[PDB]
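Asker: Input final.txt, format and content: compact mmCIF, C-alpha atoms and all ligand atoms.
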```txt
# COMPACT_ATOMS: atom_id res chain seq x y z
CA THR A 2 0.00 0.00 0.00
CA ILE A 3 1.01 3.62 -0.52
CA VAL A 4 1.15 4.08 3.26
CA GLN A 5 3.81 1.38 3.67
CA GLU A 6 5.62 2.69 0.59
CA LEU A 7 5.61 6.20 2.05
CA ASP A 8 7.02 4.72 5.27
CA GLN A 9 9.82 3.00 3.36
CA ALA A 10 10.53 6.25 1.47
CA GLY A 11 10.82 8.03 4.82
CA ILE A 12 8.14 10.59 3.91
CA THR A 13 6.66 11.47 7.29
CA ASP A 14 5.09 14.94 6.92
CA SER A 15 1.35 14.36 7.28
CA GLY A 16 0.50 17.08 4.76
CA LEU A 17 2.89 15.68 2.15
CA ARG A 18 1.84 12.08 2.78
CA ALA A 19 -1.80 13.00 2.19
CA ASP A 20 -0.84 14.58 -1.13
CA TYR A 21 1.06 11.49 -2.30
CA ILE A 22 -1.96 9.40 -1.27
CA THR A 23 -4.32 11.63 -3.28
CA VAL A 24 -2.00 11.51 -6.28
CA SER A 25 -1.69 7.71 -6.15
CA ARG A 26 -5.48 7.28 -6.25
CA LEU A 27 -5.68 9.83 -9.08
CA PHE A 28 -3.01 7.84 -10.95
CA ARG A 29 -5.12 4.70 -10.67
CA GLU A 30 -8.15 6.59 -12.04
CA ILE A 31 -6.25 7.93 -15.08
CA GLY A 32 -5.64 4.30 -16.14
CA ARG A 33 -5.17 1.05 -14.25
CA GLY A 34 -2.91 -0.40 -16.93
CA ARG A 35 -0.37 2.40 -16.58
CA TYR A 36 -0.80 2.51 -12.80
CA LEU A 37 0.38 -1.10 -12.47
CA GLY A 38 3.83 -0.12 -13.76
CA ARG A 39 4.48 1.31 -10.30
CA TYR A 40 4.84 -2.29 -9.03
CA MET A 41 7.87 -2.80 -11.31
CA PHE A 42 9.83 -0.33 -9.14
CA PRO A 43 11.31 -0.59 -5.62
CA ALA A 44 8.59 0.08 -3.04
CA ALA A 45 10.25 3.26 -1.73
CA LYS A 46 10.45 4.73 -5.23
CA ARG A 47 6.75 4.29 -6.02
CA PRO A 48 5.60 7.60 -4.45
CA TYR A 49 8.00 9.42 -6.78
CA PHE A 50 6.96 7.38 -9.83
CA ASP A 51 3.29 8.06 -8.97
CA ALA A 52 3.81 11.80 -8.62
CA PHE A 53 5.84 12.23 -11.79
CA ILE A 54 3.65 10.13 -14.11
CA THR A 55 0.45 11.66 -12.70
CA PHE A 56 1.85 15.17 -13.28
CA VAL A 57 2.58 14.46 -16.94
CA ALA A 58 -0.70 12.63 -17.57
CA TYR A 59 -2.73 15.15 -15.57
CA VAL A 60 -1.39 18.16 -17.50
CA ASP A 61 -1.50 16.42 -20.87
CA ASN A 62 -5.15 15.54 -20.06
CA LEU A 63 -5.98 19.21 -19.40
CA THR A 64 -4.71 19.92 -22.91
CA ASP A 65 -6.63 17.05 -24.58
CA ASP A 66 -10.03 17.62 -22.90
CA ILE A 67 -11.70 17.79 -26.31
CA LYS A 68 -15.09 18.52 -24.75
CA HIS A 69 -13.97 22.09 -24.03
CA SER A 70 -12.77 25.00 -26.12
CA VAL A 71 -9.09 25.78 -26.55
CA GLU A 72 -9.71 28.90 -24.45
CA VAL A 73 -11.12 26.88 -21.54
CA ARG A 74 -8.25 24.40 -21.77
CA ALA A 75 -5.75 27.27 -21.86
CA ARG A 76 -7.37 28.70 -18.71
CA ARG A 77 -7.04 25.32 -16.97
CA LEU A 78 -3.35 25.22 -17.83
CA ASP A 79 -2.94 28.72 -16.38
CA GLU A 80 -4.77 27.64 -13.21
CA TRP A 81 -2.59 24.60 -12.66
CA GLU A 82 0.58 26.56 -13.43
CA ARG A 83 -0.37 29.35 -10.98
CA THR A 84 -1.00 26.76 -8.26
CA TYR A 85 2.25 24.94 -9.05
CA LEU A 86 4.30 28.14 -8.85
CA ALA A 87 2.63 29.15 -5.58
CA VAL A 88 3.56 25.78 -4.10
CA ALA A 89 7.05 25.86 -5.63
CA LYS A 90 7.84 29.25 -4.06
CA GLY A 91 6.31 28.37 -0.69
CA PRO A 99 -14.85 26.11 -1.16
CA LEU A 100 -12.49 24.37 -3.60
CA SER A 101 -13.71 22.69 -6.74
CA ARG A 102 -12.48 19.16 -7.38
CA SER A 103 -10.03 20.44 -10.01
CA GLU A 104 -8.57 22.96 -7.56
CA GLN A 105 -8.12 20.24 -4.94
CA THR A 106 -6.35 17.94 -7.40
CA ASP A 107 -4.28 20.77 -8.93
CA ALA A 108 -2.79 21.46 -5.50
CA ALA A 109 -2.14 17.81 -4.54
CA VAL A 110 -0.49 17.10 -7.89
CA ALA A 111 1.63 20.24 -7.55
CA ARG A 112 2.70 19.63 -3.95
CA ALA A 113 3.71 16.01 -4.57
CA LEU A 114 5.52 16.98 -7.79
CA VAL A 115 7.58 19.74 -6.17
CA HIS A 116 8.74 17.35 -3.47
CA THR A 117 9.52 14.62 -6.02
CA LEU A 118 11.46 17.02 -8.26
CA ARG A 119 13.52 18.45 -5.39
CA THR A 120 14.20 14.99 -3.97
CA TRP A 121 15.73 13.97 -7.33
CA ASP A 122 17.73 17.18 -7.99
CA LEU A 123 15.50 18.11 -10.94
CA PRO A 124 14.88 21.70 -12.14
CA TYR A 125 11.49 22.23 -10.54
CA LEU A 126 11.35 25.90 -11.53
CA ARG A 127 11.41 24.91 -15.22
CA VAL A 128 8.05 23.05 -15.08
CA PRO A 129 6.42 26.10 -16.75
CA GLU A 130 8.39 25.27 -19.92
CA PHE A 131 6.42 22.02 -20.14
CA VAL A 132 3.15 23.86 -19.51
CA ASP A 133 4.03 26.42 -22.21
CA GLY A 134 4.63 23.62 -24.72
CA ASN A 135 1.14 22.33 -23.96
CA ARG A 136 -0.31 25.84 -24.23
CA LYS A 137 1.31 26.27 -27.67
CA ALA A 138 0.14 22.83 -28.83
CA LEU A 139 -3.49 23.82 -28.17
CA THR A 140 -3.51 26.30 -31.06
CA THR A 141 -1.21 24.36 -33.42
CA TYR A 142 -3.08 22.17 -35.90
CA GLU A 143 -0.34 21.43 -38.44
CA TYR A 144 3.45 21.14 -38.62
CA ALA A 145 5.32 22.22 -41.75
CA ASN A 146 8.40 20.03 -41.28
CA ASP A 147 10.44 18.09 -38.73
CA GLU A 148 11.83 21.33 -37.26
CA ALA A 149 8.33 22.56 -36.46
CA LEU A 150 7.29 19.25 -34.90
CA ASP A 151 10.44 19.46 -32.75
CA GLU A 152 8.84 22.47 -31.05
CA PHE A 153 6.22 20.06 -29.69
CA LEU A 154 8.55 17.11 -29.09
CA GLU A 155 11.23 19.05 -27.22
CA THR A 156 8.77 20.66 -24.76
CA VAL A 157 5.67 18.46 -24.37
CA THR A 158 7.30 15.07 -24.96
CA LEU A 159 10.99 15.05 -24.11
CA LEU A 160 11.35 17.62 -21.31
CA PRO A 161 9.51 15.39 -18.78
CA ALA A 162 11.23 12.37 -20.40
CA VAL A 163 14.75 13.59 -19.58
CA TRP A 164 13.56 14.46 -16.05
CA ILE A 165 12.14 11.05 -15.28
CA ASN A 166 15.33 9.53 -16.75
CA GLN A 167 17.09 10.85 -13.64
CA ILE A 168 14.53 9.22 -11.33
CA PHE A 169 15.35 5.91 -13.09
CA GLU A 170 18.99 6.37 -11.84
CA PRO A 171 21.13 6.26 -15.01
CA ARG A 172 24.40 4.38 -14.75
CA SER A 173 25.99 5.93 -17.87
CA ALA A 174 25.83 9.24 -19.71
CA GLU A 175 24.40 7.52 -22.82
CA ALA A 176 21.09 7.05 -20.96
CA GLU A 177 19.67 10.47 -21.83
CA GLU A 178 20.17 10.00 -25.59
CA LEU A 179 18.64 6.51 -25.40
CA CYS A 180 15.75 7.98 -23.40
CA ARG A 181 15.20 10.64 -26.07
CA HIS A 182 15.15 8.04 -28.90
CA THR A 183 12.79 5.71 -27.03
CA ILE A 184 10.22 8.29 -25.94
CA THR A 185 10.41 9.92 -29.39
CA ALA A 186 9.47 6.53 -30.87
CA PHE A 187 6.63 6.14 -28.35
CA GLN A 188 5.27 9.59 -29.22
CA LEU A 189 5.52 9.05 -32.99
CA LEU A 190 3.70 5.73 -32.63
CA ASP A 191 0.97 7.55 -30.68
CA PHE A 192 0.53 10.00 -33.57
CA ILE A 193 0.21 7.12 -36.04
CA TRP A 194 -2.09 4.99 -33.88
CA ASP A 195 -4.36 8.00 -33.24
CA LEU A 196 -4.31 9.37 -36.80
CA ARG A 197 -8.06 8.99 -37.44
CA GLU A 198 -9.08 10.54 -34.12
CA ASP A 199 -6.61 13.42 -34.46
CA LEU A 200 -7.75 14.10 -38.03
CA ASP A 201 -11.33 14.23 -36.77
CA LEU A 202 -10.18 16.96 -34.35
CA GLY A 203 -8.61 18.98 -37.17
CA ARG A 204 -5.04 18.21 -36.02
CA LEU A 205 -2.31 16.70 -38.19
CA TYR A 206 0.81 15.49 -36.39
CA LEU A 207 2.52 14.15 -39.52
CA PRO A 208 4.77 16.92 -40.87
CA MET A 209 3.48 18.37 -44.13
CA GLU A 210 6.91 17.86 -45.72
CA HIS A 211 6.41 14.10 -45.27
CA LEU A 212 3.00 14.21 -46.97
CA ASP A 213 4.51 16.21 -49.85
CA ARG A 214 7.27 13.64 -50.26
CA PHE A 215 4.69 10.97 -51.11
CA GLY A 216 2.27 13.23 -52.99
CA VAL A 217 -0.37 13.02 -50.25
CA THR A 218 -2.66 15.85 -49.14
CA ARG A 219 -4.34 16.35 -45.78
CA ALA A 220 -7.63 15.91 -47.65
CA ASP A 221 -6.35 12.56 -48.95
CA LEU A 222 -5.76 11.33 -45.40
CA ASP A 223 -9.01 12.79 -44.08
CA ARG A 224 -10.95 10.90 -46.76
CA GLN A 225 -9.03 7.62 -46.94
CA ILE A 226 -8.20 6.67 -43.33
CA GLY A 227 -11.04 4.43 -42.17
CA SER A 228 -12.61 4.37 -45.66
CA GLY A 229 -11.88 0.72 -46.47
CA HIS A 230 -9.13 1.44 -49.01
CA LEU A 231 -5.77 3.21 -49.29
CA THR A 232 -3.97 4.44 -52.37
CA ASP A 233 -0.34 3.40 -52.81
CA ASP A 234 0.73 6.96 -51.99
CA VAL A 235 -1.12 7.02 -48.64
CA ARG A 236 0.05 3.52 -47.71
CA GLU A 237 3.63 4.48 -48.53
CA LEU A 238 3.37 7.58 -46.33
CA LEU A 239 2.14 5.41 -43.45
CA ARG A 240 4.93 2.89 -44.06
CA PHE A 241 7.44 5.75 -43.96
CA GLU A 242 6.17 7.15 -40.64
CA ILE A 243 6.03 3.70 -39.06
CA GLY A 244 9.62 3.08 -40.21
CA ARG A 245 10.75 6.38 -38.70
CA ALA A 246 9.28 5.35 -35.35
CA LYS A 247 10.91 1.92 -35.66
CA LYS A 248 14.32 3.51 -36.31
CA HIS A 249 14.07 5.66 -33.17
CA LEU A 250 12.98 2.67 -31.08
CA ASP A 251 15.90 0.57 -32.34
CA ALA A 252 18.31 3.41 -31.55
CA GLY A 253 16.82 3.78 -28.06
CA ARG A 254 16.42 0.06 -27.25
CA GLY A 255 19.54 -0.02 -25.05
CA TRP A 256 17.99 2.47 -22.59
CA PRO A 257 17.15 -0.20 -19.94
CA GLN A 258 20.74 -1.42 -19.80
CA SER A 259 21.90 2.19 -19.23
CA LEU A 260 19.71 2.42 -16.07
CA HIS A 261 19.93 0.98 -12.59
CA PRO A 262 18.85 -2.71 -12.64
CA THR A 263 15.73 -1.88 -10.58
CA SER A 264 14.47 0.37 -13.42
CA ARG A 265 15.04 -2.04 -16.29
CA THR A 266 11.93 -4.21 -16.10
CA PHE A 267 9.51 -1.31 -16.44
CA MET A 268 11.18 0.13 -19.52
CA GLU A 269 11.79 -3.31 -21.03
CA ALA A 270 8.05 -3.98 -20.71
CA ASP A 271 7.14 -0.59 -22.20
CA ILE A 272 9.47 -1.04 -25.17
CA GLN A 273 8.02 -4.51 -25.73
CA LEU A 274 4.48 -3.10 -25.67
CA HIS A 275 5.37 -0.59 -28.36
CA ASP A 276 7.13 -3.30 -30.40
CA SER A 277 3.77 -5.10 -30.41
CA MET A 278 2.09 -2.10 -32.08
CA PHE A 279 4.05 -2.46 -35.34
CA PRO A 280 2.43 -5.71 -36.60
CA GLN A 281 -0.99 -4.42 -35.51
CA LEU A 282 -0.51 -1.33 -37.68
CA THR A 283 0.68 -3.14 -40.82
CA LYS A 284 -0.82 -6.63 -40.81
CA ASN A 285 -3.42 -7.70 -43.37
CA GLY A 286 -2.44 -4.93 -45.77
CA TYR A 287 -2.69 -2.01 -43.33
CA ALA A 288 -6.22 -3.02 -42.32
CA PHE A 289 -5.68 -0.93 -39.16
CA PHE A 290 -6.01 2.22 -41.30
CA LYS A 291 -8.81 0.96 -43.56
CA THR A 292 -11.45 0.02 -40.97
CA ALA A 293 -12.68 1.71 -37.79
CA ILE A 305 -2.54 -7.92 -18.78
CA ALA A 306 -0.31 -10.97 -19.26
CA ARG A 307 2.84 -8.99 -20.09
CA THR A 308 2.21 -6.76 -17.06
CA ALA A 309 1.90 -9.66 -14.60
CA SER A 310 5.11 -11.28 -15.89
CA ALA A 311 7.01 -8.00 -15.61
CA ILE A 312 5.85 -7.46 -12.03
CA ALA A 313 7.03 -11.00 -11.21
CA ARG A 314 10.43 -10.36 -12.78
CA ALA A 315 10.74 -6.95 -11.11
CA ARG A 316 10.03 -8.38 -7.66
CA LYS A 317 12.93 -10.81 -8.07
CA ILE A 318 15.30 -8.11 -9.34
CA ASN A 319 14.31 -5.55 -6.70
CA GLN A 320 14.78 -7.97 -3.79
CA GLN A 321 18.13 -9.03 -5.27
CA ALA A 322 19.18 -5.37 -5.36
CA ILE A 323 18.04 -4.83 -1.77
CA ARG A 324 20.03 -7.87 -0.63
CA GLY A 325 22.97 -6.21 -2.45
CA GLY A 326 22.65 -2.98 -0.47
CA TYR A 327 20.43 -0.95 -2.80
CA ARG A 328 18.37 1.78 -1.17
CA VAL A 329 16.24 4.62 -2.49
CA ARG A 330 17.62 8.05 -1.66
CA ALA A 331 16.29 10.01 1.30
CA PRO A 332 13.45 12.48 0.65
CA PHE A 333 13.86 16.21 0.33
CA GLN A 334 13.13 17.85 3.68
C1 LIG A 401 8.48 7.21 -18.85
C2 LIG A 401 7.57 7.26 -20.08
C3 LIG A 401 7.33 8.58 -20.72
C4 LIG A 401 7.98 9.88 -20.24
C5 LIG A 401 6.91 10.73 -19.57
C6 LIG A 401 6.64 10.16 -18.18
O1 LIG A 401 7.33 12.07 -19.44
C7 LIG A 401 6.42 8.66 -21.96
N1 LIG A 401 6.07 9.76 -22.72
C8 LIG A 401 5.23 9.31 -23.71
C9 LIG A 401 4.53 10.08 -24.87
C10 LIG A 401 3.66 9.33 -25.82
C11 LIG A 401 3.47 7.87 -25.67
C12 LIG A 401 4.15 7.13 -24.55
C13 LIG A 401 5.06 7.92 -23.57
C14 LIG A 401 5.80 7.51 -22.46
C15 LIG A 401 6.03 6.10 -21.80
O2 LIG A 401 5.47 5.14 -22.26
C16 LIG A 401 6.93 6.02 -20.59
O3 LIG A 401 7.13 5.00 -20.00
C1 LIG A 402 2.00 6.76 -20.57
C2 LIG A 402 2.96 7.52 -19.65
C3 LIG A 402 4.04 6.72 -18.90
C4 LIG A 402 2.89 8.83 -19.50
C5 LIG A 402 1.82 9.65 -20.22
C6 LIG A 402 2.35 10.42 -21.43
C7 LIG A 402 1.21 10.52 -22.44
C8 LIG A 402 -0.10 10.91 -21.77
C9 LIG A 402 1.09 9.13 -23.06
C10 LIG A 402 0.33 9.14 -24.38
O1 LIG A 402 -0.56 8.06 -24.35
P1 LIG A 402 -2.16 8.41 -24.47
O2 LIG A 402 -2.93 7.95 -23.26
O3 LIG A 402 -2.69 7.71 -25.70
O4 LIG A 402 -2.36 10.04 -24.63
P2 LIG A 402 -3.18 10.72 -25.88
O5 LIG A 402 -4.60 10.38 -25.78
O6 LIG A 402 -2.81 10.06 -27.14
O7 LIG A 402 -2.94 12.35 -25.93
MG MG A 403 -2.53 10.61 -29.19
MG MG A 404 -3.03 7.96 -27.71
```
Represent the structure contained in this file as structure tokens.

Answerer:
Amino acid sequence: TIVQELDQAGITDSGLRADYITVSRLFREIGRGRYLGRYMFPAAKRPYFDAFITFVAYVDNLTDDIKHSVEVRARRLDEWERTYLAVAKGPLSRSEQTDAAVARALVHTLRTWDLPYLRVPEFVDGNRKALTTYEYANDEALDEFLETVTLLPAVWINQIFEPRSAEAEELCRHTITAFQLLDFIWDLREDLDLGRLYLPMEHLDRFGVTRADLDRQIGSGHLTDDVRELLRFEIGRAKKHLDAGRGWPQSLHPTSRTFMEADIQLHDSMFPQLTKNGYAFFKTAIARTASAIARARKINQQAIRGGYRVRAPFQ
């Protein structure tokens, strides 16, 4: 339980403990599948994993609340950022209550791990900019999204994973880039329906494809050779990044390897789903997790018997 994990982490402040408890329950609500990854980490690290993942998912969710206007979503980002900065520098609606718990846990997590907690607004600004960006002219323009929304939190959580070599950050950047590019491809139909194109226009031009072509053909039952070749190209670009980043687990502390090995393997499993049966994925509309938890429990206890201990909390 989070209470025993907080005990093992040495987090004793009753106000802070309550915030980590709130965040852990929120984490479970934002997705049980992702929440279970916490059990691949040493018990005393799970409060930090909870707080960091919840922060990224919580803020990204503010940005992708497609029920509401871009103006409303922008206001929510401003609200969370104001609350974060108030906490960082030392009746409530439900969103105000969660904003504050997420912020308080995150500040403590970031300071515990020697991360630049005052730069969190750069991540929020990337999300604010993404709200009003519906197209990307080329790779350089898409990098404005990737280097703020995607990879800034990625290089931060890399430190929480306890890198053993300097190559870890580049492997982290390749791997999470591949994950993000696969998300764009997987979600192409939904994103197109929202008026957003995350495939750079230069790539479309290269294969003679228009945005209208994609809008009309994805989910239509058929694909022209040009559209299929564009999809093949984008899938191959994601594959190349994943292959370049695949050594990331070995560059991390042993207690972090099982989680990222499982996550890489999950994304590996997306490639045949996208392409099989002649790209049928684009024409029409638990076991791995249990095994990884089993493997992680062996590795983590080994590491403990070898003297491993999670660092002391910021206080
Ligand atoms: C640590 C991590 C991360 C890093 C994140 C916690 O900042 C991640 N970012 C993503 C963007 C799109 C699709 C997947 C990811 C992921 C992960 O799967 C992951 O494990
Ligand atoms: C999954 C993780 C460790 C952190 C969350 C980063 C981001 C939220 C994942 C994208 O996956 P996803 O749930 O599909 O978001 P999306 O709907 O596409 O904007
Ligand atoms: Mg998506
Ligand atoms: Mg998605």

Asker: Atom CA of residue A:191 to atom CA of residue A:273: how many Å, to one decimal?

Answerer: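 Atom CA of residue A:273 lies at a distance of 14.8 Å from atom CA of residue A:191.
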
Asker: Write as a PDB file with C-alpha atoms, in the frame of the given file the residues around ligand MG 403 (chain A), taking 9 Å as the cut-off and counting all atoms listed in the file.

Answerer:
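Result file part_31.pdb:
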```
ATOM      1  CA  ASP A  65      -6.630  17.050 -24.580  1.00  0.00           C
ATOM      2  CA  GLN A 188       5.270   9.590 -29.220  1.00  0.00           C
ATOM      3  CA  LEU A 190       3.700   5.730 -32.630  1.00  0.00           C
ATOM      4  CA  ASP A 191       0.970   7.550 -30.680  1.00  0.00           C
ATOM      5  CA  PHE A 192       0.530  10.000 -33.570  1.00  0.00           C
ATOM      6  CA  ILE A 193       0.210   7.120 -36.040  1.00  0.00           C
ATOM      7  CA  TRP A 194      -2.090   4.990 -33.880  1.00  0.00           C
ATOM      8  CA  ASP A 195      -4.360   8.000 -33.240  1.00  0.00           C
ATOM      9  CA  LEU A 196      -4.310   9.370 -36.800  1.00  0.00           C
ATOM     10  CA  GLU A 198      -9.080  10.540 -34.120  1.00  0.00           C
ATOM     11  CA  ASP A 199      -6.610  13.420 -34.460  1.00  0.00           C
TER      12      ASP A 199
END
```

Asker: Which distance in Å separates atom CA of residue A:66 and atom CA of residue A:245, to one decimal?

Answerer: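 It comes out at 28.4 Å.
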
Asker: Can you pull out every residue within 10 Å of stretch 31-34 of chain A, counting all atoms listed in the file, but drop anything in the same chain fewer than 5 positions away, and send it as a list in words?

Answerer: residues 26, 55, 58, 59, 62, 305 and 308 of chain A

Asker: When you look at stretch 311-317 of chain A with a cut-off of 8 Å (counting only C-alpha atoms), what residues show up, excluding the ones that are within fewer than 2 positions of it in the same chain? I need them as a PDB file with C-alpha atoms, in the frame of the given file.

Answerer:
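Written output follows (part-v5.pdb):
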```pdb
ATOM      1  CA  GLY A  38       3.830  -0.120 -13.760  1.00  0.00           C
ATOM      2  CA  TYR A  40       4.840  -2.290  -9.030  1.00  0.00           C
ATOM      3  CA  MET A  41       7.870  -2.800 -11.310  1.00  0.00           C
ATOM      4  CA  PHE A  42       9.830  -0.330  -9.140  1.00  0.00           C
ATOM      5  CA  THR A 263      15.730  -1.880 -10.580  1.00  0.00           C
ATOM      6  CA  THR A 266      11.930  -4.210 -16.100  1.00  0.00           C
ATOM      7  CA  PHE A 267       9.510  -1.310 -16.440  1.00  0.00           C
ATOM      8  CA  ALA A 270       8.050  -3.980 -20.710  1.00  0.00           C
ATOM      9  CA  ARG A 307       2.840  -8.990 -20.090  1.00  0.00           C
ATOM     10  CA  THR A 308       2.210  -6.760 -17.060  1.00  0.00           C
ATOM     11  CA  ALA A 309       1.900  -9.660 -14.600  1.00  0.00           C
ATOM     12  CA  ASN A 319      14.310  -5.550  -6.700  1.00  0.00           C
ATOM     13  CA  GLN A 320      14.780  -7.970  -3.790  1.00  0.00           C
ATOM     14  CA  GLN A 321      18.130  -9.030  -5.270  1.00  0.00           C
TER      15      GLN A 321
END
```

Asker: Would you mind reading off the distance between atom CA of residue A:177 and atom CA of residue A:114, one decimal, in Å?

Answerer: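 Spanning atom CA of residue A:177 to atom CA of residue A:114 is a straight-line distance of 21.0 Å.
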
Asker: Using all atoms listed in the file, pick whichever of A:16, A:8, A:160, A:110 has the shortest atom-to-atom distance to residue A:28.

Answerer: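 Once distances to residue A:28 are computed over all atoms listed in the file, the minimum belongs to A:110.
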
Asker: Applying 10 Å and all atoms listed in the file, which residues near residue A:49 remain after dropping the ones on its own chain fewer than 5 positions away? List them as an NGL selection string.

Answerer: :A and (7 or 10 or 21 or 25 or 39 or 54-55 or 113-114 or 116-118 or 120-121 or 165 or 168 or 332)

Asker: Neighbours of residue A:178 within 9 Å (all atoms listed in the file; same-chain residues fewer than 3 positions away dropped), as a PyMOL selection string?

Answerer: chain A and resi 163+174-175+181-183+253+256

Asker: Which of these residues is nearest to ligand LIG 402 (chain A), using only C-alpha atoms and all ligand atoms: A:78, A:3, A:246, A:268?

Answerer: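 The closest residue to ligand LIG 402 (chain A) is A:268.
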
Asker: Which one of A:239, A:57, A:27, A:115 sits closest to ligand LIG 402 (chain A) if you count only C-alpha atoms and all ligand atoms?

Answerer: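 Closest candidate: A:57.
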
Asker: Looking at all atoms listed in the file, which of A:142, A:81, A:289, A:169 is the one that sits closest to ligand LIG 401 (chain A)?

Answerer: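 Comparing A:142, A:81, A:289, A:169 against ligand LIG 401 (chain A), the winner is A:169.
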
Asker: Smallest atom-to-atom distance to residue A:48: which of A:218, A:329, A:255, A:164, using only C-alpha atoms?

Answerer: A:329

Asker: Neighbouring residues of residue A:143 were defined as those with any atom within 9 Å, considering all atoms listed in the file; residues of the same chain fewer than 3 positions away were excluded. Please report them as a ChimeraX atom specification.

Answerer: /A:149-150,203-209
